[PDB]
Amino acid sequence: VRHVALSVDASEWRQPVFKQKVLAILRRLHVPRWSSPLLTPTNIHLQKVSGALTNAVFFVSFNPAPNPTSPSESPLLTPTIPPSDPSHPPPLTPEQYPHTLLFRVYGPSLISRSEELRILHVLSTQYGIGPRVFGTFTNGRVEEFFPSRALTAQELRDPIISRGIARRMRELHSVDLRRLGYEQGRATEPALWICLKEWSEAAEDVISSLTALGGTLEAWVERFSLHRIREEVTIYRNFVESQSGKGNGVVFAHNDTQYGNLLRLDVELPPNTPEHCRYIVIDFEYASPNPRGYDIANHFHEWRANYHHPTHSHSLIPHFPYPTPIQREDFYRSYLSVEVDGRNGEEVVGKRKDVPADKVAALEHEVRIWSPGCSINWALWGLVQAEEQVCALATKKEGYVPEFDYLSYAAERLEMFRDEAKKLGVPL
């Protein structure tokens, strides 16, 4: 995998130097067509993909005009081709136009990028999962963009799309964890527990600024009793491990199947290939060993929309419905109808009706047991993202309005955890 030792400043993406540095990276990576010596940075049609939280993602597609386009924001959707100047054609004919790319810029940060790269490499070459990476640069990487778009929240409950999502996760979960570097395989410890320990310690660092001020803000931390969380994780963990239906260890989980990381491929499928195969999962930033019921339960929470992803303060929280018992069963049947022979890797697909009911009900129990974990997971993740809001609140920076209210985000998910855990049977 090719590498170039150059960086971009994502905060400068609206400036010409950004296109100059992008082009330099594409040339040194020998990205085809983009490396043509006949092009210059003005040929970069640049868009920032909205809804990314941690990292900045950009579309890079071909601008045929002699003068540059202004950079704009856009959703995750195949860029429209910008107009040309008929009197000053580009130096290439259309079959040579450069293809569209995803240009990922890392923020600061789970798994490392160097380990994420090695995993992505195994996933693609041994299991046929993941994007084509043209190369990496100092703080990001460059990927092929296949024409496609993100799903909507409404599309998660479509039975055909839901069926495809269940298939793709099953395919993810059939990856041999040993090939990824986890020596213990299915007996590896769930990444959930390590995430709750690290983020609860960081959460404590963040909210100590509120406590130290006393008064109002300390009262807020006490109203939502944020210090007893460690004592509530441990009680929940002891209940889970004490369950016989907790599942057989862990699998390679995506851990973040919100609709923004689910793609509809814009492609003509082969004859007989089912409609639900045009759907795939993207963005493995959070992927790691976890119980399969955790990954699935997380997806079901994501039916409600803006579960992991926070809501902007100027928008209404979506609130789509959680899947009913039969929609979850449709999901399980689709999920379990796919078997991958571990010896040779062959995938065989069977009828959903032939899945046995004890297998379907056992998976439901797994989901039920791991589902509260997803909420405390994102709750503690929320308190960590609140570092900046807290720092402002503690300083009383005039006129500050946070882009996301992560404090409220965390309270809400913490109460989701406490409530689902109580109704599950956890003595919290």
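One rule holds for the numbers: they count along the sequence shown, beginning at 1.
**Student:** Answer with none, 1 to 3, 4 to 9, or 10 or more: how many deposited residues between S109 and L110 are not present in the coordinates.
**Tutor:** 1 to 3 residues are missing.
**Student:** Of the two stretches 209-217 and 76-84, which shows the higher Cα B-factor on average in the entry?
**Tutor:** It is 209-217.
**Student:** Averaging C-alpha B-factors over each stretch, which comes out higher, 221-229 or 90-98?
**Tutor:** The recorded data point to 221-229.
**Student:** Report the option among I282, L269, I235, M169 whose CA atom has the maximum B-factor in the deposited record.
**Tutor:** In the PDB entry, the greatest C-alpha B-factor among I282, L269, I235, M169 is found at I235.
**Student:** Out of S148, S244, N139, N306, whose C-alpha atom has the biggest B factor in the entry?
**Tutor:** Answer, based on the entry's C-alpha B-factors: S244.
**Student:** Quick one: classify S288 as lowest, middle or highest third of the chain based on its Cα B-factor.
**Tutor:** Ranked within chain, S288 CA B lands in the lowest tercile.
**Student:** Hey, what third does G373 fall into on Cα B-factor, ranked over its chain?
**Tutor:** Middle third - that is where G373 ends up once the chain's C-alpha B-factors are sorted.
**Student:** What third of its chain, lowest, middle or highest, does the C-alpha temperature factor of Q184 fall into?
**Tutor:** Highest third, going by the recorded CA B-factors of the chain.
**Student:** Going by the recorded CA B-factors, say which third of the chain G249 sits in, lowest, middle or highest.
**Tutor:** Highest third - that is where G249 ends up once the chain's C-alpha B-factors are sorted.
**Student:** Would you mind ranking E387 by its C-alpha B-factor against the rest of the chain and naming the third, lowest, middle or highest?
**Tutor:** According to the entry, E387 has a C-alpha B-factor in the chain's lowest third.
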